[PDB]
Every structure is written in C-alpha cells, then in structure tokens.
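Peer 1: upload27.txt (compact mmCIF, N, CA and C atoms and all ligand atoms) pasted underneath:
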# COMPACT_ATOMS: atom_id res chain seq x y z
N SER A 1 0.05 3.01 -15.50
CA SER A 1 0.81 1.79 -15.10
C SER A 1 0.06 0.87 -14.11
N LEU A 2 0.52 -0.37 -14.06
CA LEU A 2 -0.11 -1.39 -13.23
C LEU A 2 0.06 -1.13 -11.74
N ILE A 3 -0.95 -1.58 -11.01
CA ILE A 3 -0.96 -1.59 -9.55
C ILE A 3 -0.54 -2.96 -9.07
N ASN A 4 -1.24 -3.97 -9.58
CA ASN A 4 -0.95 -5.36 -9.24
C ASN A 4 0.00 -5.94 -10.29
N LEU A 5 1.16 -6.38 -9.84
CA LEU A 5 2.17 -6.97 -10.72
C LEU A 5 2.10 -8.49 -10.83
N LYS A 6 1.73 -9.17 -9.76
CA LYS A 6 1.92 -10.61 -9.68
C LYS A 6 0.77 -11.44 -9.13
N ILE A 7 -0.26 -10.82 -8.55
CA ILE A 7 -1.32 -11.59 -7.88
C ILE A 7 -2.40 -12.08 -8.85
N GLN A 8 -2.56 -13.40 -8.88
CA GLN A 8 -3.63 -14.06 -9.64
C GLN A 8 -3.87 -13.47 -11.00
N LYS A 9 -2.81 -13.40 -11.80
CA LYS A 9 -2.92 -12.74 -13.09
C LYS A 9 -3.79 -13.46 -14.12
N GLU A 10 -4.11 -14.71 -13.85
CA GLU A 10 -5.08 -15.46 -14.64
C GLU A 10 -6.54 -15.03 -14.37
N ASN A 11 -6.75 -14.27 -13.30
CA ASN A 11 -8.06 -13.79 -12.90
C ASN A 11 -8.25 -12.36 -13.45
N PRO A 12 -9.29 -12.13 -14.27
CA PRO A 12 -9.49 -10.79 -14.85
C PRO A 12 -9.86 -9.67 -13.86
N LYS A 13 -10.35 -10.04 -12.68
CA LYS A 13 -10.66 -9.05 -11.64
C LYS A 13 -10.64 -9.71 -10.28
N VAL A 14 -9.62 -9.39 -9.50
CA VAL A 14 -9.42 -10.04 -8.23
C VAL A 14 -10.25 -9.35 -7.15
N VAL A 15 -11.23 -10.08 -6.64
CA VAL A 15 -12.15 -9.61 -5.62
C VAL A 15 -12.08 -10.61 -4.48
N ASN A 16 -11.94 -10.12 -3.25
CA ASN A 16 -11.93 -11.00 -2.09
C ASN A 16 -13.09 -10.65 -1.20
N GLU A 17 -13.79 -11.67 -0.73
CA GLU A 17 -14.86 -11.48 0.23
C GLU A 17 -14.35 -11.84 1.63
N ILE A 18 -14.83 -11.09 2.61
CA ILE A 18 -14.50 -11.23 4.01
C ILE A 18 -15.82 -11.50 4.72
N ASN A 19 -15.93 -12.65 5.39
CA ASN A 19 -17.09 -12.94 6.23
C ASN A 19 -16.86 -12.42 7.63
N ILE A 20 -17.43 -11.25 7.93
CA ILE A 20 -17.13 -10.52 9.18
C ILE A 20 -17.43 -11.35 10.41
N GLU A 21 -18.46 -12.20 10.31
CA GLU A 21 -18.87 -13.04 11.44
C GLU A 21 -17.78 -14.01 11.90
N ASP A 22 -16.86 -14.33 10.99
CA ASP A 22 -15.80 -15.32 11.21
C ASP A 22 -14.41 -14.72 11.54
N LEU A 23 -14.29 -13.40 11.66
CA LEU A 23 -13.04 -12.78 12.10
C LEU A 23 -12.58 -13.30 13.47
N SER A 24 -11.38 -13.87 13.52
CA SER A 24 -10.82 -14.41 14.76
C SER A 24 -10.33 -13.27 15.66
N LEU A 25 -9.73 -12.27 15.02
CA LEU A 25 -8.99 -11.22 15.70
C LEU A 25 -9.84 -9.99 15.93
N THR A 26 -9.51 -9.21 16.96
CA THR A 26 -10.17 -7.93 17.18
C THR A 26 -9.62 -6.80 16.28
N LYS A 27 -8.47 -7.04 15.66
CA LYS A 27 -7.90 -6.08 14.71
C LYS A 27 -7.30 -6.88 13.59
N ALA A 28 -7.76 -6.64 12.36
CA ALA A 28 -7.26 -7.37 11.20
C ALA A 28 -6.98 -6.39 10.10
N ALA A 29 -5.83 -6.53 9.47
CA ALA A 29 -5.38 -5.61 8.44
C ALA A 29 -5.41 -6.30 7.09
N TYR A 30 -5.97 -5.60 6.11
CA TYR A 30 -6.09 -6.08 4.74
C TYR A 30 -5.29 -5.22 3.76
N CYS A 31 -4.65 -5.93 2.83
CA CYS A 31 -3.73 -5.33 1.88
C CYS A 31 -4.42 -4.46 0.81
N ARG A 32 -3.85 -3.27 0.61
CA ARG A 32 -4.23 -2.36 -0.47
C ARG A 32 -3.06 -2.00 -1.39
N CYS A 33 -1.97 -2.76 -1.28
CA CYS A 33 -0.78 -2.53 -2.08
C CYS A 33 -0.46 -3.67 -3.05
N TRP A 34 -1.14 -4.82 -2.92
CA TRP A 34 -0.96 -5.94 -3.84
C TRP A 34 0.45 -6.53 -3.78
N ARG A 35 1.12 -6.36 -2.64
CA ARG A 35 2.43 -6.99 -2.42
C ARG A 35 2.47 -8.04 -1.30
N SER A 36 1.41 -8.16 -0.51
CA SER A 36 1.43 -9.04 0.65
C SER A 36 1.59 -10.50 0.28
N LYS A 37 2.45 -11.21 1.02
CA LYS A 37 2.56 -12.67 0.90
C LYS A 37 1.36 -13.42 1.47
N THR A 38 0.53 -12.73 2.25
CA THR A 38 -0.65 -13.34 2.86
C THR A 38 -1.93 -12.72 2.27
N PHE A 39 -1.80 -12.12 1.09
CA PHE A 39 -2.92 -11.46 0.39
C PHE A 39 -4.14 -12.36 0.43
N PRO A 40 -5.32 -11.82 0.81
CA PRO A 40 -5.70 -10.42 0.98
C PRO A 40 -5.35 -9.77 2.30
N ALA A 41 -4.75 -10.52 3.24
CA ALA A 41 -4.27 -9.91 4.49
C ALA A 41 -3.04 -9.06 4.22
N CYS A 42 -2.81 -8.07 5.09
CA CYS A 42 -1.62 -7.21 5.05
C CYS A 42 -0.55 -7.84 5.90
N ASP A 43 0.66 -7.95 5.36
CA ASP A 43 1.80 -8.52 6.12
C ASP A 43 2.93 -7.51 6.30
N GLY A 44 2.64 -6.23 6.05
CA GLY A 44 3.63 -5.15 6.20
C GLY A 44 4.49 -4.89 4.97
N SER A 45 4.23 -5.62 3.89
CA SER A 45 4.96 -5.44 2.63
C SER A 45 4.77 -4.03 2.05
N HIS A 46 3.67 -3.36 2.40
CA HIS A 46 3.48 -1.98 1.96
C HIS A 46 4.64 -1.07 2.33
N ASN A 47 5.29 -1.35 3.46
CA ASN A 47 6.40 -0.53 3.94
C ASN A 47 7.56 -0.55 2.95
N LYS A 48 7.89 -1.75 2.46
CA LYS A 48 8.94 -1.89 1.44
C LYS A 48 8.55 -1.19 0.15
N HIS A 49 7.31 -1.39 -0.29
CA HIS A 49 6.82 -0.69 -1.46
C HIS A 49 6.94 0.83 -1.32
N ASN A 50 6.53 1.36 -0.18
CA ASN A 50 6.59 2.80 0.04
C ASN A 50 8.04 3.29 0.02
N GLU A 51 8.94 2.55 0.66
CA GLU A 51 10.39 2.89 0.64
C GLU A 51 10.98 2.88 -0.77
N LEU A 52 10.61 1.90 -1.60
CA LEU A 52 11.16 1.75 -2.94
C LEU A 52 10.64 2.80 -3.91
N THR A 53 9.38 3.20 -3.76
CA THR A 53 8.71 4.03 -4.77
C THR A 53 8.40 5.46 -4.34
N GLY A 54 8.55 5.75 -3.05
CA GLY A 54 8.14 7.01 -2.46
C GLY A 54 6.65 7.10 -2.17
N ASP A 55 5.96 5.95 -2.20
CA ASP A 55 4.49 5.93 -2.07
C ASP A 55 4.10 6.05 -0.61
N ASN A 56 2.80 6.10 -0.37
CA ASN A 56 2.28 6.24 0.99
C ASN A 56 1.04 5.38 1.22
N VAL A 57 1.05 4.18 0.66
CA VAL A 57 -0.10 3.27 0.81
C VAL A 57 -0.03 2.48 2.09
N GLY A 58 -1.21 2.16 2.60
CA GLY A 58 -1.34 1.39 3.79
C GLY A 58 -2.63 0.61 3.76
N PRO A 59 -2.81 -0.24 4.77
CA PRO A 59 -3.92 -1.20 4.79
C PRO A 59 -5.25 -0.65 5.23
N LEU A 60 -6.28 -1.46 5.00
CA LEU A 60 -7.58 -1.26 5.61
C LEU A 60 -7.63 -2.14 6.86
N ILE A 61 -7.94 -1.55 7.99
CA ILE A 61 -7.99 -2.23 9.28
C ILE A 61 -9.43 -2.43 9.71
N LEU A 62 -9.83 -3.68 9.95
CA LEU A 62 -11.14 -3.98 10.51
C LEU A 62 -11.02 -4.21 12.01
N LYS A 63 -11.89 -3.55 12.77
CA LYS A 63 -11.90 -3.60 14.22
C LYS A 63 -13.22 -4.16 14.76
N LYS A 64 -13.11 -5.11 15.70
CA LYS A 64 -14.27 -5.68 16.43
C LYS A 64 -14.61 -4.88 17.68
N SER B 1 7.10 2.07 -9.52
CA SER B 1 5.88 2.85 -9.89
C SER B 1 4.90 2.96 -8.72
N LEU B 2 4.34 4.16 -8.57
CA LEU B 2 3.39 4.45 -7.51
C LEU B 2 2.11 3.73 -7.78
N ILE B 3 1.45 3.37 -6.69
CA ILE B 3 0.10 2.82 -6.69
C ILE B 3 -0.88 3.97 -6.45
N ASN B 4 -0.63 4.75 -5.40
CA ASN B 4 -1.49 5.86 -5.06
C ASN B 4 -0.95 7.14 -5.68
N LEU B 5 -1.75 7.73 -6.55
CA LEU B 5 -1.35 8.95 -7.25
C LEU B 5 -1.83 10.25 -6.57
N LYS B 6 -2.99 10.21 -5.94
CA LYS B 6 -3.68 11.42 -5.52
C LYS B 6 -4.26 11.47 -4.11
N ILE B 7 -4.39 10.33 -3.44
CA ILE B 7 -5.05 10.30 -2.11
C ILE B 7 -4.11 10.71 -0.98
N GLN B 8 -4.42 11.85 -0.35
CA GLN B 8 -3.72 12.32 0.85
C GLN B 8 -2.22 12.18 0.73
N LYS B 9 -1.64 12.78 -0.30
CA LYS B 9 -0.20 12.56 -0.51
C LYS B 9 0.68 13.22 0.56
N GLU B 10 0.09 14.14 1.33
CA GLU B 10 0.75 14.75 2.48
C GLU B 10 0.86 13.80 3.69
N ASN B 11 0.10 12.71 3.66
CA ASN B 11 0.06 11.73 4.74
C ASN B 11 1.11 10.65 4.46
N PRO B 12 2.02 10.40 5.40
CA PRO B 12 3.09 9.44 5.13
C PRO B 12 2.63 8.00 4.96
N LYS B 13 1.48 7.65 5.52
CA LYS B 13 0.90 6.32 5.24
C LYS B 13 -0.61 6.36 5.42
N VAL B 14 -1.35 6.12 4.35
CA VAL B 14 -2.79 6.22 4.40
C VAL B 14 -3.36 4.87 4.88
N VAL B 15 -3.93 4.89 6.07
CA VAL B 15 -4.56 3.73 6.71
C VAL B 15 -6.00 4.10 7.03
N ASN B 16 -6.93 3.22 6.71
CA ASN B 16 -8.31 3.45 7.11
C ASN B 16 -8.76 2.33 8.03
N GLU B 17 -9.56 2.68 9.02
CA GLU B 17 -10.13 1.75 9.99
C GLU B 17 -11.62 1.68 9.80
N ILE B 18 -12.15 0.48 9.90
CA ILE B 18 -13.60 0.22 9.86
C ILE B 18 -13.94 -0.45 11.19
N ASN B 19 -14.86 0.14 11.94
CA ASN B 19 -15.41 -0.53 13.09
C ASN B 19 -16.56 -1.41 12.61
N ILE B 20 -16.44 -2.72 12.81
CA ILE B 20 -17.40 -3.69 12.27
C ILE B 20 -18.83 -3.38 12.72
N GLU B 21 -18.96 -2.81 13.91
CA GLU B 21 -20.25 -2.44 14.53
C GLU B 21 -21.00 -1.39 13.70
N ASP B 22 -20.26 -0.59 12.93
CA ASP B 22 -20.83 0.50 12.15
C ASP B 22 -21.23 0.13 10.72
N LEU B 23 -20.87 -1.07 10.26
CA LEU B 23 -21.24 -1.47 8.90
C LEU B 23 -22.76 -1.65 8.82
N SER B 24 -23.38 -0.87 7.94
CA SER B 24 -24.85 -0.83 7.78
C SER B 24 -25.39 -1.94 6.87
N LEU B 25 -24.59 -2.26 5.85
CA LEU B 25 -25.01 -3.11 4.74
C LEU B 25 -24.59 -4.57 4.92
N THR B 26 -25.28 -5.46 4.21
CA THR B 26 -24.91 -6.86 4.18
C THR B 26 -23.64 -7.09 3.32
N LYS B 27 -23.36 -6.16 2.42
CA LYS B 27 -22.25 -6.27 1.47
C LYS B 27 -21.76 -4.85 1.25
N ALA B 28 -20.48 -4.59 1.52
CA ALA B 28 -19.89 -3.28 1.31
C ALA B 28 -18.51 -3.45 0.67
N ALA B 29 -18.27 -2.74 -0.42
CA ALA B 29 -17.03 -2.86 -1.17
C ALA B 29 -16.07 -1.73 -0.82
N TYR B 30 -14.84 -2.12 -0.51
CA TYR B 30 -13.76 -1.19 -0.19
C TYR B 30 -12.65 -1.23 -1.26
N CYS B 31 -12.12 -0.05 -1.56
CA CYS B 31 -11.18 0.16 -2.66
C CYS B 31 -9.78 -0.38 -2.37
N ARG B 32 -9.21 -1.06 -3.37
CA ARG B 32 -7.84 -1.54 -3.35
C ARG B 32 -7.03 -1.00 -4.52
N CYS B 33 -7.59 -0.01 -5.24
CA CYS B 33 -6.96 0.54 -6.44
C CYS B 33 -6.55 2.00 -6.28
N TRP B 34 -7.02 2.66 -5.20
CA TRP B 34 -6.65 4.06 -4.93
C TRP B 34 -7.15 5.03 -6.00
N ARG B 35 -8.16 4.61 -6.78
CA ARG B 35 -8.80 5.47 -7.78
C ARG B 35 -10.20 5.90 -7.44
N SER B 36 -10.79 5.34 -6.39
CA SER B 36 -12.16 5.67 -6.07
C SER B 36 -12.34 7.12 -5.68
N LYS B 37 -13.40 7.74 -6.18
CA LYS B 37 -13.79 9.07 -5.71
C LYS B 37 -14.41 9.07 -4.30
N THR B 38 -14.78 7.89 -3.80
CA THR B 38 -15.36 7.73 -2.46
C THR B 38 -14.39 6.97 -1.53
N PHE B 39 -13.10 6.97 -1.89
CA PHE B 39 -12.08 6.25 -1.10
C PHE B 39 -12.25 6.58 0.38
N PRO B 40 -12.20 5.58 1.28
CA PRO B 40 -11.83 4.15 1.10
C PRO B 40 -12.89 3.22 0.50
N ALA B 41 -14.11 3.69 0.25
CA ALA B 41 -15.11 2.86 -0.42
C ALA B 41 -14.77 2.68 -1.90
N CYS B 42 -15.24 1.58 -2.49
CA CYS B 42 -15.10 1.32 -3.91
C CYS B 42 -16.28 1.93 -4.63
N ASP B 43 -16.01 2.66 -5.69
CA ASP B 43 -17.05 3.26 -6.55
C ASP B 43 -17.03 2.71 -8.00
N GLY B 44 -16.31 1.61 -8.23
CA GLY B 44 -16.21 0.98 -9.54
C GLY B 44 -15.13 1.54 -10.44
N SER B 45 -14.38 2.52 -9.94
CA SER B 45 -13.24 3.09 -10.67
C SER B 45 -12.15 2.07 -11.05
N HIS B 46 -12.04 0.98 -10.31
CA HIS B 46 -11.10 -0.08 -10.69
C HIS B 46 -11.33 -0.60 -12.12
N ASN B 47 -12.58 -0.58 -12.59
CA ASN B 47 -12.88 -1.13 -13.90
C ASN B 47 -12.24 -0.29 -15.01
N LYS B 48 -12.30 1.04 -14.87
CA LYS B 48 -11.66 1.98 -15.81
C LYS B 48 -10.17 1.76 -15.76
N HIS B 49 -9.61 1.64 -14.56
CA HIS B 49 -8.17 1.41 -14.42
C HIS B 49 -7.74 0.12 -15.11
N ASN B 50 -8.49 -0.96 -14.87
CA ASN B 50 -8.16 -2.24 -15.49
C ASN B 50 -8.23 -2.18 -17.02
N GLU B 51 -9.27 -1.54 -17.54
CA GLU B 51 -9.42 -1.34 -18.99
C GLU B 51 -8.26 -0.52 -19.59
N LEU B 52 -7.84 0.54 -18.92
CA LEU B 52 -6.78 1.40 -19.40
C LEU B 52 -5.37 0.79 -19.33
N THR B 53 -5.11 -0.02 -18.30
CA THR B 53 -3.74 -0.50 -18.03
C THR B 53 -3.52 -1.98 -18.28
N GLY B 54 -4.61 -2.72 -18.44
CA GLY B 54 -4.54 -4.16 -18.55
C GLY B 54 -4.44 -4.86 -17.20
N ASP B 55 -4.72 -4.12 -16.14
CA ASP B 55 -4.64 -4.65 -14.77
C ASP B 55 -5.86 -5.49 -14.46
N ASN B 56 -5.83 -6.11 -13.27
CA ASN B 56 -6.88 -6.99 -12.81
C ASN B 56 -7.24 -6.78 -11.32
N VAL B 57 -7.21 -5.53 -10.87
CA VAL B 57 -7.52 -5.24 -9.47
C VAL B 57 -9.03 -5.10 -9.24
N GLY B 58 -9.44 -5.37 -8.01
CA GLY B 58 -10.79 -5.26 -7.58
C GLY B 58 -10.86 -5.08 -6.09
N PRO B 59 -12.06 -4.84 -5.60
CA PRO B 59 -12.28 -4.49 -4.20
C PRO B 59 -12.28 -5.64 -3.20
N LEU B 60 -12.21 -5.25 -1.94
CA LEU B 60 -12.46 -6.11 -0.82
C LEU B 60 -13.93 -5.95 -0.44
N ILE B 61 -14.66 -7.05 -0.38
CA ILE B 61 -16.09 -7.03 -0.06
C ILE B 61 -16.29 -7.55 1.35
N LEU B 62 -16.82 -6.68 2.22
CA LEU B 62 -17.10 -7.05 3.59
C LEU B 62 -18.53 -7.52 3.64
N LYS B 63 -18.68 -8.75 4.09
CA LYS B 63 -19.99 -9.39 4.13
C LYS B 63 -20.41 -9.57 5.57
N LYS B 64 -21.61 -9.09 5.86
CA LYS B 64 -22.13 -9.11 7.21
C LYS B 64 -23.50 -9.77 7.15
N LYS B 65 -23.72 -10.85 7.91
CA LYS B 65 -25.02 -11.54 7.89
C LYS B 65 -26.09 -10.68 8.54
N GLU B 66 -27.29 -10.71 7.96
CA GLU B 66 -28.49 -10.12 8.55
C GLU B 66 -28.67 -10.85 9.88
N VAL B 67 -28.87 -10.09 10.96
CA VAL B 67 -29.01 -10.69 12.29
C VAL B 67 -30.25 -11.58 12.28
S1 LIG C 1 1.07 -5.59 2.78
FE1 LIG C 1 -0.19 -4.49 1.31
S2 LIG C 1 -1.19 -2.85 2.54
FE2 LIG C 1 0.14 -3.92 3.98
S1 LIG C 2 -12.79 1.82 -7.04
FE1 LIG C 2 -10.88 0.99 -6.27
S2 LIG C 2 -11.23 -1.24 -6.00
FE2 LIG C 2 -13.13 -0.40 -6.82
Would you write the structure of this file as structure tokens?

Peer 2:
Amino acid sequence: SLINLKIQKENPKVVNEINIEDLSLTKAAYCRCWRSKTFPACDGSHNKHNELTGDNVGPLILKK
Amino acid sequence: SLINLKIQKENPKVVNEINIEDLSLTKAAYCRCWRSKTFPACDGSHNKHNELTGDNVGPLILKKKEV
C-alpha cells in the first residue's frame, strides 16, 4: 500500500533538497510521514497519523 | 494503513537526529519511505516501493557546501 496519499502526485518521485548553510533554526524537523501541511517540514501531523493507524513514525531532526 | 512496517516497532515514535557538524558528505540522502536497510539513510529502496505500489516517494537530500 501507498505511503504518500496526496503530495505532488504529478511528480513521479518527490525529492527535497535542504541547503544546510541556510538553516535559520538550531533545531529543524523534517517530515517522514507525508502528511505535513508544511512538507517537507514536520508540523506534528505524524501524531494524528500514528493515532489513526497505530503507527510509530516521526521526523528527522537537524541540529546546528 | 501503516507507513512503517518494520523499523523499531517497539518504539512509540521513531525520531532520528542529525548533528549538522557530523555530516561528512556534500550530499547525503535520508529515507522518507521506511524501507531502507540503512535507515535513517536512504539506500534506494524507495524505488522498489514506488514500482510495486505506484507511489512517488523519495528521500530528503542534505546538501552541505565544501568549505
Ligand atoms: S508531520 Fe510528518 S513526520 Fe511530523
Ligand atoms: S530508501 Fe527510503 S527514501 Fe530512499
């Protein structure tokens, strides 16, 4: 079954690049659940996904 | 439907941290499909998943300029 239900479905492979030199924040979270409204950033939508499905997914956190 | 089938299912929420200071490469791919054998790194397993399911997932690429 699908992982990504709704993000950029016209794109055959969704890849996001992060320019580390330009990170504003000392802690930044990136989505690994494909539900975030701020994708590729994590907005906490994983929590709802985990509650609905019994899953245990969470973000990748970059630290300065 | 679950996204993560096999990674640390005993862990209530799988979170990975990257310290930017430790990134060795100019380009490093991190997994967003939960199929990589090198998770949290991407090993290209997303391509098999996309072919099998009709999905369109891919990695997060961290780009670091050569000093
Ligand atoms: S919103 Fe997707 S991992 Fe947090
Ligand atoms: S192996 Fe999961 S995004 Fe590449």

Peer 1: When distances are computed from only N, CA and C atoms, which of A:14, A:57, A:47, A:42 shows the smallest separation from residue 28 in chain A?

Peer 2: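 Closest candidate: A:42.
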
Peer 1: Near residue 21 in chain A, within 6.5 Å and counting only N, CA and C atoms, which residues show up once chain neighbours fewer than 6 positions away are dropped, as a PyMOL selection string?

Peer 2: chain B and resi 63-65

Peer 1: Between chain B and ligand LIG 2 (chain C), at 7 Å or less, what are the per-residue closest atom pairs and their distances in Å? Count only C-alpha atoms and all ligand atoms, order by chain and rising residue number, and return it as JSON lines.

Peer 2:
{"residue": "B:30", "atom": "CA", "partner": "C:LIG2", "partner_atom": "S2", "distance": 6.3}
{"residue": "B:31", "atom": "CA", "partner": "C:LIG2", "partner_atom": "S2", "distance": 3.6}
{"residue": "B:32", "atom": "CA", "partner": "C:LIG2", "partner_atom": "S2", "distance": 4.3}
{"residue": "B:33", "atom": "CA", "partner": "C:LIG2", "partner_atom": "FE1", "distance": 3.9}
{"residue": "B:34", "atom": "CA", "partner": "C:LIG2", "partner_atom": "FE1", "distance": 5.4}
{"residue": "B:35", "atom": "CA", "partner": "C:LIG2", "partner_atom": "FE1", "distance": 5.2}
{"residue": "B:36", "atom": "CA", "partner": "C:LIG2", "partner_atom": "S1", "distance": 4.0}
{"residue": "B:42", "atom": "CA", "partner": "C:LIG2", "partner_atom": "FE2", "distance": 3.9}
{"residue": "B:43", "atom": "CA", "partner": "C:LIG2", "partner_atom": "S1", "distance": 4.5}
{"residue": "B:44", "atom": "CA", "partner": "C:LIG2", "partner_atom": "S1", "distance": 4.3}
{"residue": "B:45", "atom": "CA", "partner": "C:LIG2", "partner_atom": "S1", "distance": 3.9}
{"residue": "B:46", "atom": "CA", "partner": "C:LIG2", "partner_atom": "FE2", "distance": 4.4}
{"residue": "B:57", "atom": "CA", "partner": "C:LIG2", "partner_atom": "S2", "distance": 6.5}
{"residue": "B:58", "atom": "CA", "partner": "C:LIG2", "partner_atom": "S2", "distance": 4.3}
{"residue": "B:59", "atom": "CA", "partner": "C:LIG2", "partner_atom": "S2", "distance": 3.9}

Peer 1: Can you tell me which residues sit at most 8 Å away from ligand LIG 1 (chain C), counting only C-alpha atoms and all ligand atoms, written as a PyMOL selection string?

Peer 2: chain A and resi 29-39+41-47+57-60

Peer 1: Restricting it to N, CA and C atoms, dump the selection as a PDB file, in the frame of the given file.

Peer 2:
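So the final result, stored in again-v3.pdb, reads:
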ATOM      1  N   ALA A  29      -5.830  -6.530   9.470  1.00  0.00           N
ATOM      2  CA  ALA A  29      -5.380  -5.610   8.440  1.00  0.00           C
ATOM      3  C   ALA A  29      -5.410  -6.300   7.090  1.00  0.00           C
ATOM      4  N   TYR A  30      -5.970  -5.600   6.110  1.00  0.00           N
ATOM      5  CA  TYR A  30      -6.090  -6.080   4.740  1.00  0.00           C
ATOM      6  C   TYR A  30      -5.290  -5.220   3.760  1.00  0.00           C
ATOM      7  N   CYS A  31      -4.650  -5.930   2.830  1.00  0.00           N
ATOM      8  CA  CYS A  31      -3.730  -5.330   1.880  1.00  0.00           C
ATOM      9  C   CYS A  31      -4.420  -4.460   0.810  1.00  0.00           C
ATOM     10  N   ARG A  32      -3.850  -3.270   0.610  1.00  0.00           N
ATOM     11  CA  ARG A  32      -4.230  -2.360  -0.470  1.00  0.00           C
ATOM     12  C   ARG A  32      -3.060  -2.000  -1.390  1.00  0.00           C
ATOM     13  N   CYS A  33      -1.970  -2.760  -1.280  1.00  0.00           N
ATOM     14  CA  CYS A  33      -0.780  -2.530  -2.080  1.00  0.00           C
ATOM     15  C   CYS A  33      -0.460  -3.670  -3.050  1.00  0.00           C
ATOM     16  N   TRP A  34      -1.140  -4.820  -2.920  1.00  0.00           N
ATOM     17  CA  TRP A  34      -0.960  -5.940  -3.840  1.00  0.00           C
ATOM     18  C   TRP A  34       0.450  -6.530  -3.780  1.00  0.00           C
ATOM     19  N   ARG A  35       1.120  -6.360  -2.640  1.00  0.00           N
ATOM     20  CA  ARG A  35       2.430  -6.990  -2.420  1.00  0.00           C
ATOM     21  C   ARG A  35       2.470  -8.040  -1.300  1.00  0.00           C
ATOM     22  N   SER A  36       1.410  -8.160  -0.510  1.00  0.00           N
ATOM     23  CA  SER A  36       1.430  -9.040   0.650  1.00  0.00           C
ATOM     24  C   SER A  36       1.590 -10.500   0.280  1.00  0.00           C
ATOM     25  N   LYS A  37       2.450 -11.210   1.020  1.00  0.00           N
ATOM     26  CA  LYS A  37       2.560 -12.670   0.900  1.00  0.00           C
ATOM     27  C   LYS A  37       1.360 -13.420   1.470  1.00  0.00           C
ATOM     28  N   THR A  38       0.530 -12.730   2.250  1.00  0.00           N
ATOM     29  CA  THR A  38      -0.650 -13.340   2.860  1.00  0.00           C
ATOM     30  C   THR A  38      -1.930 -12.720   2.270  1.00  0.00           C
ATOM     31  N   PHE A  39      -1.800 -12.120   1.090  1.00  0.00           N
ATOM     32  CA  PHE A  39      -2.920 -11.460   0.390  1.00  0.00           C
ATOM     33  C   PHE A  39      -4.140 -12.360   0.430  1.00  0.00           C
ATOM     34  N   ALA A  41      -4.750 -10.520   3.240  1.00  0.00           N
ATOM     35  CA  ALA A  41      -4.270  -9.910   4.490  1.00  0.00           C
ATOM     36  C   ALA A  41      -3.040  -9.060   4.220  1.00  0.00           C
ATOM     37  N   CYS A  42      -2.810  -8.070   5.090  1.00  0.00           N
ATOM     38  CA  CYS A  42      -1.620  -7.210   5.050  1.00  0.00           C
ATOM     39  C   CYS A  42      -0.550  -7.840   5.900  1.00  0.00           C
ATOM     40  N   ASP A  43       0.660  -7.950   5.360  1.00  0.00           N
ATOM     41  CA  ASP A  43       1.800  -8.520   6.120  1.00  0.00           C
ATOM     42  C   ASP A  43       2.930  -7.510   6.300  1.00  0.00           C
ATOM     43  N   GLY A  44       2.640  -6.230   6.050  1.00  0.00           N
ATOM     44  CA  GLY A  44       3.630  -5.150   6.200  1.00  0.00           C
ATOM     45  C   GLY A  44       4.490  -4.890   4.970  1.00  0.00           C
ATOM     46  N   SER A  45       4.230  -5.620   3.890  1.00  0.00           N
ATOM     47  CA  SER A  45       4.960  -5.440   2.630  1.00  0.00           C
ATOM     48  C   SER A  45       4.770  -4.030   2.050  1.00  0.00           C
ATOM     49  N   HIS A  46       3.670  -3.360   2.400  1.00  0.00           N
ATOM     50  CA  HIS A  46       3.480  -1.980   1.960  1.00  0.00           C
ATOM     51  C   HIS A  46       4.640  -1.070   2.330  1.00  0.00           C
ATOM     52  N   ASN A  47       5.290  -1.350   3.460  1.00  0.00           N
ATOM     53  CA  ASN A  47       6.400  -0.530   3.940  1.00  0.00           C
ATOM     54  C   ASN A  47       7.560  -0.550   2.950  1.00  0.00           C
ATOM     55  N   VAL A  57       1.050   4.180   0.660  1.00  0.00           N
ATOM     56  CA  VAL A  57      -0.100   3.270   0.810  1.00  0.00           C
ATOM     57  C   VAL A  57      -0.030   2.480   2.090  1.00  0.00           C
ATOM     58  N   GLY A  58      -1.210   2.160   2.600  1.00  0.00           N
ATOM     59  CA  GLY A  58      -1.340   1.390   3.790  1.00  0.00           C
ATOM     60  C   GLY A  58      -2.630   0.610   3.760  1.00  0.00           C
ATOM     61  N   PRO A  59      -2.810  -0.240   4.770  1.00  0.00           N
ATOM     62  CA  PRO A  59      -3.920  -1.200   4.790  1.00  0.00           C
ATOM     63  C   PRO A  59      -5.250  -0.650   5.230  1.00  0.00           C
ATOM     64  N   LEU A  60      -6.280  -1.460   5.000  1.00  0.00           N
ATOM     65  CA  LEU A  60      -7.580  -1.260   5.610  1.00  0.00           C
ATOM     66  C   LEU A  60      -7.630  -2.140   6.860  1.00  0.00           C
TER      67      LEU A  60
END

Peer 1: Calculate how many Å separate CA of residue 25 in chain A from CA of residue 14 in chain B, rounding to one decimal.

Peer 2: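 Straight-line distance from CA of residue 25 in chain A to CA of residue 14 in chain B works out to 21.7 Å.
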
Peer 1: I'd like the neighbourhood of residue 19 in chain B as an NGL selection string, where a residue qualifies if any of its atoms comes within 6.5 Å (using only N, CA and C atoms), though same-chain residues fewer than 5 positions away should be ignored.

Peer 2: :A and (61-64)

Peer 1: Can you measure atom C of residue 53 in chain B to CA of residue 4 in chain B for me? One decimal in Å is fine.

Peer 2: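 Pair atom C of residue 53 in chain B / CA of residue 4 in chain B returns 15.5 Å.
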
Peer 1: Please return, as a PyMOL selection string, all residues of range 31-62 of chain B that DSSP assigns to strand (DSSP E or B) on the basis of the backbone.

Peer 2: chain B and resi 41+57-62

Peer 1: Rank B:13, B:27, B:37, B:48 by their smallest atom-to-atom distance to chain A, using only C-alpha atoms, and report the top residue only.

Peer 2: B:13

Peer 1: Which distance in Å separates atom N of residue 13 in chain A and CA of residue 56 in chain B, to one decimal?

Peer 2: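 Atom-to-atom, atom N of residue 13 in chain A and CA of residue 56 in chain B are spaced 4.6 Å apart.
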
Peer 1: With all atoms listed in the file as the atoms that count, which of A:20, A:5, A:51, A:27 lies nearest to chain B?

Peer 2: A:20

Peer 1: With distances taken over all atoms listed in the file, which residue among B:8, B:41, B:18, B:66 lies nearest chain A?

Peer 2: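 Result for the nearest residue to chain A: B:18.
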
Peer 1: Around (-17.2, -10.9, -2.6) in the file's frame, which residues reach within 8 Å when counting only C-alpha atoms? Return as a PyMOL selection string?

Peer 2: (chain A and resi 15-18) or (chain B and resi 27+60-63)

Peer 1: So which residues of chain A fall under alpha helix (DSSP H) by DSSP, listed as a PyMOL selection string?

Peer 2: chain A and resi 45-53

Peer 1: Between A:19, A:40, A:24, A:10, single out the one closest to chain B, counting all atoms listed in the file.

Peer 2: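 With all atoms listed in the file as the atom set, the closest residue is A:19.
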
Peer 1: For residue 55 in chain A, please output as a list in words all residues within 6.5 Å (counting all atoms listed in the file; exclusion window: fewer than 6 positions along the same chain).

Peer 2: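 Non-adjacent residues within range: residues 49 of chain A; 2, 3, 4 and 12 of chain B.
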
Peer 1: Pick the closest to residue 5 in chain B from A:56, A:9, A:48, A:26: which is it, counting all atoms listed in the file?

Peer 2: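 Ranking A:56, A:9, A:48, A:26 by distance to residue 5 in chain B, first place goes to A:56.
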